[PDB]
Number of protein chains: 2
Amino acid sequence: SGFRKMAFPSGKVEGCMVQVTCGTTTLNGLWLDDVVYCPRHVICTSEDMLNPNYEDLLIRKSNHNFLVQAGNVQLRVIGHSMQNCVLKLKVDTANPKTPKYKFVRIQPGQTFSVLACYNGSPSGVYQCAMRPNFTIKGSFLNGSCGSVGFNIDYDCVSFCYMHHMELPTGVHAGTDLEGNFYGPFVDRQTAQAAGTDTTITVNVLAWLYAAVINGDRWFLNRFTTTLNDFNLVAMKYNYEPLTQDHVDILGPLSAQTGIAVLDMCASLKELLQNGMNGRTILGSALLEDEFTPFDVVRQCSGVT
Amino acid sequence: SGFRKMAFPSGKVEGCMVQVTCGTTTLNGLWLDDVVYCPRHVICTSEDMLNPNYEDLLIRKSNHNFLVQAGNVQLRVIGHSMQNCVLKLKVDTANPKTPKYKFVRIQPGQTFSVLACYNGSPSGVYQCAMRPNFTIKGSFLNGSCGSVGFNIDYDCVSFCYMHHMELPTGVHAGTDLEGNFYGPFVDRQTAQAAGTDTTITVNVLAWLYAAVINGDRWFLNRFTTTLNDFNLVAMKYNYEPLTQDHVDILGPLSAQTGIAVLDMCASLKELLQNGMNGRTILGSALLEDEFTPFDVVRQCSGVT
Ligand SMILES: O=C(Nc1cccnc1)N(CCC1CCCCC1)c1cccc(Cl)c1
Ligand SMILES: O=C(Nc1cccnc1)N(CCC1CCCCC1)c1cccc(Cl)c1
């Protein structure tokens, strides 16, 4: 029993963190096989970031300008290429600690763990959600660029995020491991609008199921609702509209608890319209949307 | 910017997790050097747990009865000894992945990361606080016993907790790495009272400083208070009384932000007496007490 914002064990990802220095700029890199992945802005100075011409900036750089340090040992760079907003530095040595991995582009609403790094050294690990507006509410300071987001299915690490930028609003923006930004963001020191964000409805419902499993039941009621009725309330409170796909993915939790999905929606409708009335659900005084239905099942069953 | 409930990177601790089986009972072990540490209740069956005579139960066991599996390889047990509520199994091989480590008994109010494990396999990592009543609000299921709590200063892992028991109230109880329980708990299937818990005042104040640093300032006011006045309010709202030692440890944050400790106490007094009025602080709709002053400084500065 109990329910926590659980991160994946960071071990397999720690063994891939390296420091990348190009000129005066230092950030984090991801060493998988004989390739080091890092944000392309490693080739910039603070001055260049206003409107960098990355093609031109990269042209003035050679393999020997990219200093890659794995803990304390130097890696020999034999190739360099820019793919979208990432630099791929071919090294002469394959990382002996490379785990089984995939590069995946996660969907908005999906969660992942972040291993925050500075100078190729890990500082901490936390569990995040990719917001519906493609930003993340991380904890990142200067030098955190290159820190990655990931998920782990048994021995396979699926890399999904690489940290690039902090928007002037304090939220974070980054790319998949092919350098494609999540959202409309560009790697430039300019004010960039993150779209209107919404609450991930399916995740809140999953977290309401986790609360039922762990004892918190005060929010349960004698009501039911329809997808149409629930969606009118979801619209009013800036919640993602619930679809049959979300209901279908909530199947396992509905079956384990015996609480129909639309009955749980009715509880969420009352919590939305009336608040928590000074009460808490799983230690939180608000509706938590950073646990997917899969995260709840994994944590409640003990999937290692 | 941003502020998250950050766990330490779990890598150094993952390399020490083993599975321990004695008869029909399987739990987690901690392999450091040539010793495997696990909860002594590994020698019990469900039936024995009502009032186990561990001395007698251990007497019926030999080195060959303790099956220790590190991932997939078997460890040869050459010795066994009970120290308080832990079993120390001497193995013939030193763990090649043993990091620099210490065994420390943490104080109530201090925080640590937990690497939740099942069958010697890690499932996740979360950041916890040792409650003032010596319980932890973890996420642990059957088989999680043996999962450890720890802190990391550069390359040294300080082990502070080992999971043993879930109280009938859903909270968790365990020992330091010498087998001494935190709190009045005994490793027996009996209803055991966890004392009246309080909120860790110094940690809430540290988290109020973290909010100021990260932009959340709405709670700041034109008021100040005294330690005496603040403590009358702390008493009324079940908060640990604030002492000069707590004020002294808040020094760094007070100096970085320019907000005197007693001024921040005055903000906490108004939040206690008036609530949050439908507002949030660092994404939380309640007063967070699971970040110590040191955790806030570490996260805000980027200590790896
Ligand atoms: O956001 C950034 N950093 C940051 C700070 C806090 C948290 N998360 C990240 N940067 C700064 C990167 C530059 C620093 C000076 C040397 C050249 C690299 C940034 C600025 C604009 C666009 C991009 Cl893509 C990145
Ligand atoms: O709390 C326990 N487990 C648990 C479950 C969920 C979360 N955290 C832990 N146990 C169960 C251990 C017994 C299970 C059957 C075989 C013999 C070992 C326990 C029961 C009484 C006292 C003690 Cl010390 C431990």
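Swiss-Prot numbering applies to chain A: residues 3264-3567, in that order.
Per the header of the entry, the method used was X-ray crystallography, 1.8 Å.
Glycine too: its Cβ is placed from the backbone N, Cα and C atoms.
Annotated features, as they stand in Swiss-Prot:
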type: ACT_SITE; residues: A:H3304; note: active site, for 3CL-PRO activity
type: ACT_SITE; residues: A:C3408; note: active site, nucleophile
type: CROSSLNK; residues: A:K3268; note: ubiquitin cross-link
type: CROSSLNK; residues: A:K3353; note: ubiquitin cross-link
Interface-proximal recorded positions, chain B, C-beta separation under 8 A, candidates A:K3268, A:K3353, A:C3408: A:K3268
Recorded positions near ligand 1 among A:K3268, A:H3304, A:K3353 (Cβ under 6 Å): A:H3304
Cα separation, the residue listed as 'active site, nucleophile' to A:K3268 (ubiquitin cross-link) (Å, whole number): 23
Neighbour count (Cβ, 10 Å) for A:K3268 (ubiquitin cross-link): 24
A:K3353 (ubiquitin cross-link), number of other Cβ atoms within 10 Å: 15
